[PDB]
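What follows draws every value from the coordinates through simple rules; no lab data is involved. Every residue, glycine as well, gets a Cβ built from its backbone with ideal geometry; the counts of neighbours run over all protein chains shown.
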Amino acid sequence: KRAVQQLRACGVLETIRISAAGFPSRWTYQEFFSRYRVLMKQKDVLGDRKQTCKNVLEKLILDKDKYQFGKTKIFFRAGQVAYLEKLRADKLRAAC
Amino acid sequence: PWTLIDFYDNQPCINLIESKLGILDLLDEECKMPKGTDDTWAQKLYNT
Amino acid sequence: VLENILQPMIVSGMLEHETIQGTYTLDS
Amino acid sequence: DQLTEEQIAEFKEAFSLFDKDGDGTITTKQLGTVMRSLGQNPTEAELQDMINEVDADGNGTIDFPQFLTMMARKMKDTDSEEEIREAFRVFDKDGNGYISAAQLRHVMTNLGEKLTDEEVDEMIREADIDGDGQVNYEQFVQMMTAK
Amino acid sequence: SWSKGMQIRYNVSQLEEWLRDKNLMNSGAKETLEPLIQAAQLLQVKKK
């Protein structure tokens with residue numbers, strides 16, 4: 001109760017939802033490749049991780065609006081991080 | 001580009017309160033008017 | 001002097017770098 | 001499909017090896033034991049499915065004809081060696097052809113169908129796995145596939 | 001991260017055979033090192 005009333009007073013939740021409306025989550029190319037090597041396919045692995053990771057993300061995620069491509073980091077909407085993590089976990093546990 | 005993202009502006013509330021027709025300016029007027037009283041000030045706020 | 005030389009070196013070389021079995025590595 | 005009688009005879013011999021009763025029927029535990037002992041790879045989920053199919057009869061014992069039908073159904077499913085290679089490549093984060101023994105042990109112990117650490121030590125000793133030295137996934141897959 | 005524990009321990013190794021190259025195990029640097037090794041092992045050890 002104290003937390004919710006003080007957050008209502010601070011209005012932090014409004015900033016949170018405003019950032020959620022756009023692309024709040026950001027992931028670095030090297031960071032994304034390191035975290036998502038499992039979903040990364042060997043045939044698509046190349047020297048430049050940017051284009052390869054963009055192609056892999058396009059294959060995994062159909063909607064273009066879900067992810068925002070950038071020069072250094074890719075920006076995501078709400079559900080894509082959870083979706084990708086769930087797929088990665090399922091693939092890893094099935095392989096194990 | 002940030003085209004989708006927009007700035008939610010609370011400036012209208014600031015303009016309503018601080019500037020004229022706000023309760024503070026009307027309170028100052030009631031103080032400077034010889035007949036300033038709480039009830040007349042409140043109804044002045046509601047009317048304005 | 002040795003500490004001054006090594007101060008920026010360790011963080012990148014030891015933890016930030018990913019060992020494979022301004023950029024500094026374990027071999028550096 | 002019809003199974004070659006040579007394979008059927010080999011399966012019967014394997015069954016009789018562990019059949020402490022000699023009647024051609026044995027407990028589902030040794031059913032899975034000899035299923036793995038045949039070199040085939042059934043999932044423990046598939047093992048439980050087969051166990052419940054047998055328990056539907058209530059016998060708890062694997063008669064030889066139903067055992068042969070189980071053999072045929074296992075022959076229906078056949079994973080490839082390249083699939084195992086890709087699965088091991090997934091865990092090869094370095095990609096240098098070598099994987100760490102300790103992290104593989106942790107993967108075995110604390111993922112999915114957890115198995116006994118003594119079985120992990122059995123893998124280590126039988127596959128001459130170094131305790132800390134990097135072990136090639138490909139050599140392990142090859143000597144695993146040799147059968 | 002539990003993943004980085006192996007990297008830390010492997011680097012500690014790399015340093016210790018580096019010391020073996022100079023044959024300075026008598027120096028006592030490993031005695032300075034055991035705090036890091038203990039932290040890494042604690043991270044690697046299961047805490048259930």
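Which one of D:111, D:104, D:68 is outside any helix (DSSP H, G or I), among the hydrophobic types (A, V, I, L, M, F, W, C) and either within 13 Å of chain A (Cβ to nearest Cβ) or within 27 Å of residue D:28 (Cα to Cα) (or both)?
D:111
Residues are listed down the side, and each one gets a yes or a no for (1) in contact with a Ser or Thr (Cβ under 8 Å, 6 or more places away or on another chain); (2) more than 19 Å from residue D:41 (Cα to Cα); (3) surrounded by fewer than 16 Cβ atoms within 10 Å (Cβ to Cβ):
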{"position": "D:91", "(1), (2), (3)": "no, yes, no"}
{"position": "D:94", "(1), (2), (3)": "no, yes, yes"}
{"position": "D:102", "(1), (2), (3)": "no, yes, yes"}
{"position": "D:106", "(1), (2), (3)": "no, yes, no"}
{"position": "D:119", "(1), (2), (3)": "no, no, yes"}
{"position": "D:130", "(1), (2), (3)": "no, yes, yes"}
{"position": "D:136", "(1), (2), (3)": "no, yes, yes"}
{"position": "D:143", "(1), (2), (3)": "no, no, yes"}
{"position": "D:147", "(1), (2), (3)": "no, no, yes"}
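Go through segment D:108-117 and report how many residues are of a type in the set (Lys, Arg) and surrounded by 16 or more Cβ atoms within 10 Å (Cβ to Cβ).
Qualifying residue count, segment D:108-117: 0.
For segment D:88-101, enumerate the residues that are in a helix (DSSP H, G or I) and within 14 Å of chain A (Cβ to nearest Cβ). Walk me through it before giving the result.
Our first condition is that a residue be in a helix (DSSP H, G or I); within segment D:88-101, this holds for D:88-91, D:101.
Within segment D:88-101, D:88, D:89, D:90, D:91 qualify.
Taking residue D:83 as meeting all but one of (1) within 12 Å of chain A (Cβ to nearest Cβ); (2) surrounded by 13 or more Cβ atoms within 10 Å (Cβ to Cβ); (3) acidic (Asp, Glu), write down the number of the exception.
Only one criterion in (1) within 12 Å of chain A (Cβ to nearest Cβ); (2) surrounded by 13 or more Cβ atoms within 10 Å (Cβ to Cβ); (3) acidic (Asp, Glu) is unmet by residue D:83, namely (2).
Report the residue count in chain B for those that are more than 14 Å from every other protein chain (Cβ to nearest Cβ) and assigned to a loop (DSSP other than H, G, I, E, B).
Going residue by residue through chain B, those that are more than 14 Å from every other protein chain (Cβ to nearest Cβ) are B:11-12, B:14-48.
So of that shortlist, the ones also assigned to a loop (DSSP other than H, G, I, E, B) come out as B:19-22, B:33-37, B:48.
Residues flagged as more than 14 Å from every other protein chain (Cβ to nearest Cβ) and assigned to a loop (DSSP other than H, G, I, E, B) within chain B amount to 10.
Scan segment C:1-23 residue by residue and report those that are over 21 Å from residue D:96 (Cβ atoms) and not in a helix (DSSP H, G or I).
Answer for segment C:1-23, where residues must be over 21 Å from residue D:96 (Cβ atoms) and not in a helix (DSSP H, G or I): C:1, C:22.
Taking into account only those residues within segment E:4-36 that are in a helix (DSSP H, G or I), surrounded by 11 or more Cβ atoms within 10 Å (Cβ to Cβ) and polar (S, T, N, Q), which is farthest from the other protein chains (Cβ to nearest Cβ)?
So, considering only residues that are in a helix (DSSP H, G or I), surrounded by 11 or more Cβ atoms within 10 Å (Cβ to Cβ) and polar (S, T, N, Q), the one farthest from the other protein chains (Cβ to nearest Cβ) is E:13.
Among the residues of segment A:1-42, how many are out of contact with any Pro (no Cβ under 9 Å at 6 or more places or on another chain) and farther than 30 Å from residue C:20 by Cα? First the steps, then the outcome.
Initially, segment A:1-42 is screened for residues out of contact with any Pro (no Cβ under 9 Å at 6 or more places or on another chain), giving A:1-15, A:17-42.
The next check asks that each one be farther than 30 Å from residue C:20 by Cα; those that pass are A:1-15, A:17-24.
Qualifying residue count for the region: 23.
Give me the residue from segment D:23-39 that is in contact with a helix residue (DSSP H, G or I) (Cβ under 7 Å, 6 or more places away or on another chain) and exposed (fewer than 15 other Cβ atoms within 10 Å of the Cβ) and, out of that set, farthest from residue D:60 (Cα to Cα).
Looking at residues that are in contact with a helix residue (DSSP H, G or I) (Cβ under 7 Å, 6 or more places away or on another chain) and exposed (fewer than 15 other Cβ atoms within 10 Å of the Cβ), I get D:37.
Sort out which residues of segment B:1-30 are of a type outside the set (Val, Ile, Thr) and more than 16 Å from the chain's Cα centre (by Cα), and write them in order of number.
Across segment B:1-30, the qualifying residues are B:1, B:2, B:4, B:6, B:7, B:8, B:9.
What are the residue pairs meeting all of these: first residue in segment C:10-27, first residue more than 15 Å from residue A:30 (Cα to Cα) and at the interface with another protein chain (Cβ under 7 Å from one of its Cβ atoms), second residue assigned to a loop (DSSP other than H, G, I, E, B) and among the hydroxyl-bearing types (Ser, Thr, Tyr), Cβ atoms under 7 Å, and 6 or more apart or on different chains?
C:26/C:19
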